[PDB]
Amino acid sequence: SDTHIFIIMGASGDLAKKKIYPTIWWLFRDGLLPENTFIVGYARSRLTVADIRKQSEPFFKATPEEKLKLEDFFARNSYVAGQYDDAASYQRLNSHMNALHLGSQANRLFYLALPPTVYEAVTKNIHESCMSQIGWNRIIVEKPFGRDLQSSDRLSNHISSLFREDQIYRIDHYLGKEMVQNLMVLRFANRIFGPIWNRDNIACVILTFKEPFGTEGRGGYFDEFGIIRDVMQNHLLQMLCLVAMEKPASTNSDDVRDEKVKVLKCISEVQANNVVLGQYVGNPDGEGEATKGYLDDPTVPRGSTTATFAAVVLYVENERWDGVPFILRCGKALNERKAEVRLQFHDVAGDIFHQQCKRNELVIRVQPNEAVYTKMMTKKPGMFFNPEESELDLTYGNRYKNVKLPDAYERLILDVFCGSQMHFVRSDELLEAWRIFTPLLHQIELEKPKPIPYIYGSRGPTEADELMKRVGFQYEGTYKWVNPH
């Protein structure tokens, strides 16, 4: 029943236009926001709410029946022009917020839809000029959080000198995805997954992020950070933590994040011996973008060695996981779009089926086509006695046909309104993540190894499969699945 103000810093930018304004509209439309909520845009351009509406409403997918809700939404919107390090401008923004209904008392949520080069100036000026003295104040920050241990150190130190940890909401948007959030319930609400979730039963864990398209003419931005910073140090490592963590003392946000940091503290720095890097080249037999390699993007520097693919093996050196390889595999221009967690279990001990069994697997497919299934052995159906691979399956598209699955940003923004930090990256989480990868990132920067070429649309360099086999992953190619429609 308190007033809430949602401040979109960088309201003129593309992320605000296509993602943040549509998301806050969808939450508003669905009745999920506090009744007394206002939206304030802030950016350099001299805009009006009319301009904000013209630019973003095409992405709202509004229906004719939503006309009244839409009018109320934009009546609750306003816009303040100003520079990002100009004190007087933030004084104008603060006075503007105070003048809203109960604006002095309101809770204030600042979304930094801005490039990281202005994070320090924006957070400094918000702290100096725009904090509520009565309501809470929360800041939402998106990546990049630095480029390595040192650069993340400095950003984190600046922000923490101003804001308490319970005011900082760092987005990793995979933490907003349906099946990523499900990892904790699958693991800790089920006896069928409890006593087997350990090194005595698990031979290897595979965390996968694949996209079938290349850089799409935007490689110049990607070239400055590469695939490990892009997808592995954040999304894949987050999935690792949720797969590996001990059971938390409760589902309180910091009991959960405590257990995630504890996992990271038992991972040593990755070394090049456990790393395979690739860069995609064009497929002469392909069509369209598939004929073009990474270096065929004219925004990519000539002779770039930036990796578009990486397979990395990590180890969690604790009692539950000692010696179990965690394989993190990701890349662009591969054969499919897929984000997935896979457990491969050890062979059954004391084989009585004359070497016909294959290792069980548990698969949590995050996207597309959200699903959980366990590959297991069944008696070959019919007049046969030999075991054959089959699966127990849960596919959301068929089990939950009419259930809307919210976008990650819908879920995460709502969490900030509700004060739940469970699905946001804590300061110490971030530090450990950079600790694990910075020696490798510095060696790549220093020595500039040439990545292994792989053809657009392939599974990546075969050396990645060899690395996975070396550490204990077994692939047979015997499993046959066809959709029961």
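In case it trips you up, residue 1 is the first one in the sequence shown, and so on.
- Judged by mean Cα B factor in the deposited record, 282 to 290 ranks above the other of 401 to 409 and 282 to 290.
- When the C-alpha B-factors of 83 to 91 and 259 to 267 are averaged, 83 to 91 comes out higher.
- Across the options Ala349, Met377, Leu162, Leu277, the residue with the most elevated CA B-factor in the record is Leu162.
- Within the listed group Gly135, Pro381, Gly331, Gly220, the record reports its top CA B-factor for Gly220.
- Split the chain's modelled residues into thirds by C-alpha temperature factor. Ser420 is in the lowest one.
- Among all modelled residues in this chain, the alpha-carbon of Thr123 has a temperature factor (C-alpha) in the lowest third.
- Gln474: CA B factor in the middle third of modelled residues in this chain (values from the PDB entry).
- Remark: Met131 belongs to the middle third of its chain, ranked by C-alpha B-factor as recorded.
- The PDB entry assigns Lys69 a C-alpha temperature factor belonging to the lowest third of its chain's modelled residues.
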